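Next up: the same protein chain in two forms, each one alone, written as structure tokens (structure 1, then structure 2).
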Structure 1
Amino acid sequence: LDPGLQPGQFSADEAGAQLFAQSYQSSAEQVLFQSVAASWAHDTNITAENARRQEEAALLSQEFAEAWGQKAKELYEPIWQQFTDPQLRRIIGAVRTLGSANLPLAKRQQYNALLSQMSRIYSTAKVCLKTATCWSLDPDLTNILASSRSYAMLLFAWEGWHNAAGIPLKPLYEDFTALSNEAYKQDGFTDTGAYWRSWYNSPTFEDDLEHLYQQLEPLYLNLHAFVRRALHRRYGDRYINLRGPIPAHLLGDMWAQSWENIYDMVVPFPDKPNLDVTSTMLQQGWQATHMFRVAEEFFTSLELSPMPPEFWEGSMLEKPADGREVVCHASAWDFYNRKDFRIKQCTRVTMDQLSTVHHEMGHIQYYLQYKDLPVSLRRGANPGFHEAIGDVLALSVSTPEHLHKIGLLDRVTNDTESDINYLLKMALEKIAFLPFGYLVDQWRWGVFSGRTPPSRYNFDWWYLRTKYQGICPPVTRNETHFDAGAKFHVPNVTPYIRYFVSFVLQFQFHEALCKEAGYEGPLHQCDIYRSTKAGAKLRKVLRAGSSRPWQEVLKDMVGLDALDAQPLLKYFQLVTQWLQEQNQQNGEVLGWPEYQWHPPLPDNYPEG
């Protein structure tokens, strides 16, 4: 570690702790920068030489983390918990927590190599059929899951991906879990999952989540039964069991996590205007550039910041056309130099991708708003806040009235049929996700705690997938398969519960900004576009970073200091009642009592 980057001396008391924290943050900025740059270089251009450089940057970050961490523990371990200043308790508390820097050198290198190899496997995995031709997840497999209605073709894509990504990840993921736990246990956590959960500073986190899910589950059950009936009408009594789980490949998405793509099959009133504007975007010839500019302009309408020149010059907004492998999974980047901020997204011209652009731009806007704070306060109030920002705007954007304003929809009527179509569409996107958003880290917490050893990785994954989502694998799986590994966030070792928290929080935010905007109608028809008052209220959250506990930031914004499902329920209320009525009238069974049921294979599986 460079002498400039090493800690000096400070007194062993709170006042010395303050100078320590100030000096730590000054040096951390340069270390953060080299790490992010090295990651960018790799993720936008996956090569062996780029991975090596990224691993060297990771090692440097660990050197830094060890030097300052050991210093924190040397001076403040017996006393920091009694420090009068809570903001200081949080920083010294962080710095004493070394993570992977607790590992000896050989194991650090092992750890960094594992993260690189898992990332490469997920992002370069292919499904091969000409016999030489192979499909990538993004865009090829994504498009198949989205627009193919051929049971056998969907199965080929689903099975191919899960096998390609999952099988070779398993041995690496076991090794990562052991090293991760080894590292965090030295910091005093029972396991890595306990550390991840501690970011929410709620002694009652898991219980709070379970109570939230209990209120939401009836909405999911009804949507599920309605959707399963729509699928049965298309795929027949052979492939769909009206009392069983839905086969996992028929919902529009590789993970059955958003059901927006099957909207045309489920839309209650097909003779109203088509609220999926994808085909209009194609007909009008929208490109990635347009999508990003349209998203930016919503942000500036609120008097939030435009994207800076560095963003437009540095960002990767389409999958490269040259012979280059990249991580296509979308992300938003802060380089920690208060100047460079970028999105990396393999943008496709679709309505859901337009919402995705807003999502990533929400992350950037957060970065732009808190860029002048001490480096340790450059985070969301909690990670769920960071995930909610862009989704909040996308809720206004997808309203039929807003789509009309941006030329994507001829004026729609204020009628009850159109409302049900819209709310059903929004349910496929938002309600359908909830079980998945909840289950992923239940699975991962069980793995980190040891309740789920490698011998039960897949058994427990599918237990959870069936329990919450009411889906089943369309082919037989066993413990050689590692289906959790075929989801980005697992091999990329980044937490998922933030998204469940985001989905509740975004409706709380939406309700608060709509009220602030002076809007008076139904919550699902609110468009905060051009509301500088809504913008000012959002800006206060963004500029706070993590300087204040999230419960207080939420209280100031929303009037409540806790996550609350009521705003989401309020938003969906009309379609919640409608689906319940329809399911009853149709004589549906809610849930999937035939829990053991799996679909048969197509007659000519796997060729076609």
Structure 2
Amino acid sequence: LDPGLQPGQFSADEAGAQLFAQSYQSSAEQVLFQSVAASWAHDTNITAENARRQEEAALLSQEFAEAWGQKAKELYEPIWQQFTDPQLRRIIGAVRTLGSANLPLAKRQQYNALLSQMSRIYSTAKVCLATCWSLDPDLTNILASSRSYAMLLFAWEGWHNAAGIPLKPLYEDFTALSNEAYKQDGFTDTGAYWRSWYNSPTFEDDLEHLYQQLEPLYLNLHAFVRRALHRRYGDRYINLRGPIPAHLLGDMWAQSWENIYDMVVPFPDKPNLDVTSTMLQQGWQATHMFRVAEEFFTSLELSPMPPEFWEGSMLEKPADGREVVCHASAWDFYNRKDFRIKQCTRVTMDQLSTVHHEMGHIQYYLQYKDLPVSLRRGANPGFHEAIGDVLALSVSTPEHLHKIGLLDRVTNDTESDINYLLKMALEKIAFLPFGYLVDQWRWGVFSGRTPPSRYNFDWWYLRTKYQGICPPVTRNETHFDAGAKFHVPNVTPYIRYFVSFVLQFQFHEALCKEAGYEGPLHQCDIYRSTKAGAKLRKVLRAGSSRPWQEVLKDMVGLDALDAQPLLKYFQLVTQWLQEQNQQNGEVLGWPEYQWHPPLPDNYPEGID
């Protein structure tokens, strides 16, 4: 560790801890910057050499973290919990958590190499046949727009086999080392550490109680979509009393169903709420999507994107051939100047929403950039995920789309409302079971309830249990279908997305009230509301300096996650779908839980 970066001496008391934290931040920023920079260099340009550079920077971060972590514990282990300065306790608590820095060198190097290799495998995997499709954009567009069962099956099977199978032995090794590292921080396993970020002794029970309130909405959306799919694909491939084949819902993970909106739209005579074609017809490109997102933020008197963002960001997939991580992401370089987005942006309505999601991350970074480095986080991770989604809730309203030139015809009638709420349910309600289940899978892997011998058995158990889908071809424990989802090999926790899909409607309700809006929750548009901007700004500027329950209370009047705002937003379509399924005599659920569809005849033969 360079001498400038090493901790000196500080007294063993709260006034020394404060000087400790100030000396820390000085050097932390440099170490974070070099780490993030090397990660950026790799993720925008996947090369063996860039992976080597990224691993060296990771090792330096581990060295730094160990030195300052062990100093924090040497000087403050039994007194930091009683510090009078609550932000200083949060700072000290973070610095003394060593994570992978608890591992011996050789195991640190093994750990960093496993992260690199799992990342390279996921983001460079291809499906072939010899020319080859990448996940983004090739397979993505096939899942979104093909309606050929055999073709969707070719993309779904090909991707899951190509990405998941080679990852499995690496993921086993990563789990063991991760657990070894965090057990030396006092946690029973890594998942317990991840869950600790919500500082709630009843987290899993609280989530289970939210899901109980939401599940009826998903069950009715599912039954209704399943009927629509049956009318297109027929009784051979859709079982009206079984799970839906997992490749037919518009998305490689069946996690958002927006893309099948044209098959499910109940009133096709109303305005077409999927404005993708209008964006194409109009010549929208990535940089227009990012400027339109930015201007919503500035309409609220939040910050524009700095020049460093426009000069540094990667907003389209590189045409120079080179391999990149295409999964969108938002980057804080911890120097208070550089912030970027890396996105292989495609010109589509859901991508416009994803642009807002990612710019919400950036706005958080811009607003808390002057807090101590340790507090440059969301009040909890689900807060960070929710910011951009809240604005996107306003952007997608038919009235807002009209304002920005994407929907010439506007209508305020009950049919149009049901169309809109149904489209939003395909995006928001359909995701809830998946958002909930992914970290149930990973918590069980980390705790050892799901050993490698049951990785895929337990994944599909949860996928069927919650989402009511089945794999369209047979799977066994050679397959590792969880690894075919980006966040698993790239070790990004998931429960934040379940939390944010609940939270964002709590935020939306509060911001709409603050803006003086007095109509139905789902037609609210907070655009140009500076009062709403100021209320959002207060949350963003808090970072993680204060308990999330208190930040939430100041914002929305309640100190807990609550499904009532989401249920209020969707109420009309919740009632409509219930009525429809009854009249159609649907079975809610999937009691033929063993059912799987047959293979197409002439599969995979006829793919050319």
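We call the rigid core whatever largest set of C-alpha positions still superposes within 1.5 Å between the two forms. Reference numbering: structure 1, starting with residue 1.
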property	result
Sole member of 476, 82, 455, 283 with a C-alpha shift of at least 2 Å between the two structures (core-superposed)	82
Core-aligned CA displacement of residue 588 at least 2 Å between the two structures	no
Distance the CA of residue 16 travels between the two structures [rigid core superposed, Å]	2.3
Inter-form CA displacement between the two structures at residue 34 - rigid core frame, Å	0.5
Shift in Å of the C-alpha at residue 412 between the two structures after core superposition	1.4
